[PDB]
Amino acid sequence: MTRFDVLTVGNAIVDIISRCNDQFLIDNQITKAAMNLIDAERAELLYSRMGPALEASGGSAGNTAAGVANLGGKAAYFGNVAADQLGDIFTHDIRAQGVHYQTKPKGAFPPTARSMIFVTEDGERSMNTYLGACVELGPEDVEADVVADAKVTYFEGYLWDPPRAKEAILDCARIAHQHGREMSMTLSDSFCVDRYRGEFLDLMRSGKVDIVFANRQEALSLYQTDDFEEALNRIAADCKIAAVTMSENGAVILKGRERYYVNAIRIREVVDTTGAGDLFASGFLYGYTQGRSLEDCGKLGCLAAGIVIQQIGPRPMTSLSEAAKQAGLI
């Protein structure tokens, strides 16, 4: 028996969500479809220009942990919020989903991270993230017992932006592997890959990471190539298992020379793509830790991702376990 199926580690963020037109992004020099880091002054400026908004707990890894719990797995999360109202909201939402979350706030400043997410008419999402209290996440926040007792510890490439989070992750990798567990990461965002390419490849090649999640753009960025076939060949050589999503084209799971192609689910309409990759990882890691085949892991990931893009908010409000049962996956 192990206490946890999946521990995730990431930047603890509350999302501030609004729809905008295409010109808004141009006028405000926001890179479309990407995670744009911003300082406090820029956060105030952008907020002053944003329309009425909705708030929802976010954070890539936070969403993934929530998704695992939703499917019925046992999940835990490490991430740092402030002792403020946004932090209280973040804390409530992840615990309410049934995720173990015990990271202690350090104070009220910097305040809890928030990301202004602008959703264009095509359903694409452009994020503008003030890291706030996320910059304080470090080795002191590693619950060593939790890492030791988790089948998979999964973390964000996004953690390479704040200063000390990487130290916590290296500690996690040591503990996880000493206890025969698996380490996983997501490449997070293609510009994030542009920033930390070499460090990410070192994590994979040194065996600190066993299972890597990427989308098409991230895989291309990792090898600075426009040849997707090359990117797949190289990523398969650099890590034990790679799961590469291709939006409406589904996904491909790679292990050594093995490839398993999975279709995207049929959807009603793309409301908001926020969380698609996070929830693909939820479905995959849920399947993985339930001993399911790699193809079935991919199928579970595509199911969860397809569900989340049909709602506002990055964490499915409906039952993923019921959806999996209905789709004949569990």
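Numbering starts at 1 and runs along the sequence shown. If you superpose the two forms and keep the largest set of C-alpha atoms that fall within 1.5 Å, you have the rigid core.
Stretch comparison, 260-268 versus 292-300: after rigid core superposition, larger RMS CA deviation in 9 other deposited structures of this protein is found for 260-268.
Taking only CA atoms, the mean B-factor in the PDB entry is higher for 20-28 than for the other of 20-28 and 7-15.
Legend: mean Cα B-factor per stretch from the PDB entry, 173-181 versus 115-123; the higher mean is in 173-181. Ranking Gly79, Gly132, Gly207, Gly157 by Cα temperature factor from the entry places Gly207 first. The entry assigns its greatest Cα B factor, within the set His92, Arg259, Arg195, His100, to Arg259. The PDB entry assigns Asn70 a C-alpha temperature factor belonging to the middle third of its chain's modelled residues.
In the deposited entry, the Cα temperature factor of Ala53 sits in the bottom third of values across the chain's modelled residues. Placement of the Cα temperature factor of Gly283 within the chain: middle third of the modelled residues, per the deposited record. Remark: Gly277 belongs to the lowest third of its chain, ranked by C-alpha B-factor as recorded.
In the deposited entry, the Cα temperature factor of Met246 sits in the top third of values across the chain's modelled residues.
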